[PDB]
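Next comes just one chain, in structure tokens: the form deposited in one PDB entry.
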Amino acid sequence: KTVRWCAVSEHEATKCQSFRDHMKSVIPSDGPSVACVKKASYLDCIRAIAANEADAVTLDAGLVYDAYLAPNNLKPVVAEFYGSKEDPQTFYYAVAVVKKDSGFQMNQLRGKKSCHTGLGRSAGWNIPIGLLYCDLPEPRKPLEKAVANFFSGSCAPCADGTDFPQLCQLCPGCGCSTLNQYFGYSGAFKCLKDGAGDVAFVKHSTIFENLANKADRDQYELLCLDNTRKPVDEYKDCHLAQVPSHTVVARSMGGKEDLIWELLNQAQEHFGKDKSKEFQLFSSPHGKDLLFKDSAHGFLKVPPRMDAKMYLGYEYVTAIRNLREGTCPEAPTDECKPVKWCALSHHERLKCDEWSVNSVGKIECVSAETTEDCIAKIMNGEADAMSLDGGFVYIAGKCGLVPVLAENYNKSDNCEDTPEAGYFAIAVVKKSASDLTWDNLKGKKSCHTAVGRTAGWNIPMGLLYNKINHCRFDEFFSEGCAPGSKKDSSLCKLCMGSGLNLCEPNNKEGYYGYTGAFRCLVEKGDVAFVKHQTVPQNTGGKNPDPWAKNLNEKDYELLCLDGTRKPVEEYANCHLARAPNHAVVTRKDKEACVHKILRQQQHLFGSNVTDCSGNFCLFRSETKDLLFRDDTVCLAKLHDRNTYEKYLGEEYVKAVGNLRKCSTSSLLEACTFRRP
């Protein structure tokens, strides 16, 4: 139970050894211990960790990436944080500050005038130039000269003035000290404030540190990667890169990550920010920033399904990858790159393969084990598009992806130009039970289409989470019928399935499905969770079955969240959530291409086509609902709804989130770690 920490200096090793001793005192024989391995450099520490001679070292984003690469393959496991638990600030943001209404975007920086914090600085140079690399003119080695030919004039502190003078044009001599008024963060910002430069590459924090009044900040904007702008307040939605300020790494396989976290968590409990004055984890007696930055206020456990690329973010890896590999294609700037679609089953891959050949190369295919792994592929560029249900549209939204096309299921003349927004989830009750409203629901008897289902379970129980705030969903209702629950649960007591079918989510349960839950309402329930048309189609002699011949709509009302009851036809105003259609999800920087390609694609192999055997067709599956749901007639454009929050109702998001507090998704907890 020992963590072998790696030092990169004699002073660091000394701090590690006193950390070992102090951890010795307070900790029982069982549990964390510290070993102090000492190597010559961060690179050497990485190669030692990979070679199982050390276990943990804490690194700057660049070395995080270095450690990620073959043959080391280390991963982030714990993260220093630089404020409070309520506002960690484990990351910072590299941004491009500009004058308000200066009239240009990220893809128009050529010819403009630049202000950098310093050459080799991450936010001031590495990140922006990395992203801009391919826009630099062809003799891209040496980099300083290509940057010089890119901008008309620059201040690039610490650059080689004598050889590349345009980089000192705004700060002649390129002083690498505060002597140069345009050096550093405050200097790169004053370079812009003084109108010397058109753009300043700095950190999110910098505008706030140099301008106290909101008034003056309001004449500054930020360049976003999508070639829009935003106010400086909104850097979390308009940054060049998000960068983890200081990250502990361990081996991927066999890394002891849990030991590292146990150890550091206890260490911060005993010797952290101020809670002891004998020894301070975040204070170097012999140097500065030994083992850990002295800014740090504490540690946070990194979610277990984070890999380096996911942690750093696609922008950052683009930046370093460009600056190290230095490979730009010659592909024509305007044309779209073939969209690689993500398959999660053997038959999904076979369908996508046929599609690819018939797409004459416009579509390609990428297999991945699971849905979440596919989403990961979209985020990090290994894949471009896939179709998701509501819940995964939400997880992908929290991961920065966007919906772009909705699967439309209702045939119509011009369905490409009208998305559908889905059916309505409702909570039905019988008028004969007058005192029932959304609030007293607790302790009453209930009927669900089936556990897992969207209208029968997810939306209702998600909205009710707030009236319970724990994950024992069978304790809200006295008794119920929720097919799929465990048989000895109270949510199985009212199910009427015979033999082995008693509580099984299948037709033989008979209180299963929309019809079945409504039957459970009329026969033995107080409330039943279904969609808007279930009552109209099981009443008035529309259902011939014995129980359902003579029931009439008037007898039932449906429960509204405001605490009032409403009639069935008024579902549009009385509903719990809007149960959404499947939607094609992609990364923002590919939204356009996807839009275009898919549309072309659904003209050919789309529902219009007969002789589906003589030619390929995109919405017919050999098995069931491969790639797209087989109901799809078209893919409808999501103008004005191209964000997970907009595409999914406010109510639906409330419900799915609340649920996800009980059913964790490792991907979702990673993504929320990077963006709360």
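Counting begins at 1, following the sequence as shown. Each form is matched to the other, and the largest set of C-alpha atoms that superpose within 1.5 Å is called the rigid core.
K.L.:
Does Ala331 go missing in at least one third of the other entries compared here?
P.N.:
Yes, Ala331 lacks coordinates in at least a third of the other entries compared.
K.L.:
Is it true that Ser412 goes unbuilt in a third or more of the other compared entries of this protein?
P.N.:
Counting only entries that model residues on both sides, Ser412 is unresolved in at least a third of them.
K.L.:
Do the CA atoms of 138-146 or those of 329-337 have the higher mean B-factor in the entry?
P.N.:
Comparing averages over the C-alpha atoms only gives 329-337.
K.L.:
According to the deposited model, is the average Cα temperature factor higher in 522-530 or in 364-372?
P.N.:
Going by the record's values, the stretch with the higher mean is 522-530.
K.L.:
Based on the PDB record, which member of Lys301, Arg587, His470, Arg251 exhibits the highest Cα temperature factor?
P.N.:
Comparing C-alpha B-factors across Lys301, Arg587, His470, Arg251, the maximum falls on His470.
K.L.:
For the listed residues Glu80, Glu557, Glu354, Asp307, which one has the largest C-alpha B-factor as given in the deposited model?
P.N.:
The listed residue with the largest C-alpha B-factor is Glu557.
K.L.:
By the recorded C-alpha temperature factor, relative to the other modelled residues in its chain, which third is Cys617 in?
P.N.:
Middle third by C-alpha B-factor.
K.L.:
Lowest, middle or highest third: where is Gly462 by Cα B-factor in its chain?
P.N.:
Within its chain, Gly462 is a middle-third residue by C-alpha B-factor, going by the deposited values.
K.L.:
Would you check the entry's CA temperature factor for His346 and let me know if it's in the chain's lowest, middle or highest third?
P.N.:
Lowest third, going by the recorded CA B-factors of the chain.
K.L.:
Pull the Cα B-factor of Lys624 out of the PDB entry and bin it into the chain's lowest, middle or highest third.
P.N.:
As the PDB entry reports it, the C-alpha B-factor of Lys624 lands in the lowest third of its chain.
K.L.:
Split the chain's modelled residues into thirds by Cα B-factor; is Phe477 in the lowest, middle or highest one?
P.N.:
Its C-alpha B-factor belongs to the highest third of this chain's values.
What comes next is about the form deposited in another entry, which does not appear here.
K.L.:
Just one of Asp373, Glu315, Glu591, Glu504 has a C-alpha that shifts by 2 Å or more between the shown form and the other one on a rigid core fit; which is it?
P.N.:
The answer here is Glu504.
K.L.:
Quick one: core overlaid, is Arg472 moving 2 Å or more at the Cα between the shown form and the other one?
P.N.:
Yes; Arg472 is a residue whose C-alpha shifts (by 2 Å or more) between the shown form and the other one when the cores are overlaid.
K.L.:
For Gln602, is the C-alpha shift between the shown form and the other one 2 Å or more after core superposition?
P.N.:
False for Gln602: its C-alpha shift is below 2 Å.
K.L.:
Quick one: once the rigid core is lined up, does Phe292 have its C-alpha move by 2 Å or more between the shown form and the other one?
P.N.:
No; that C-alpha moves by less than 2 Å between the shown form and the other one.
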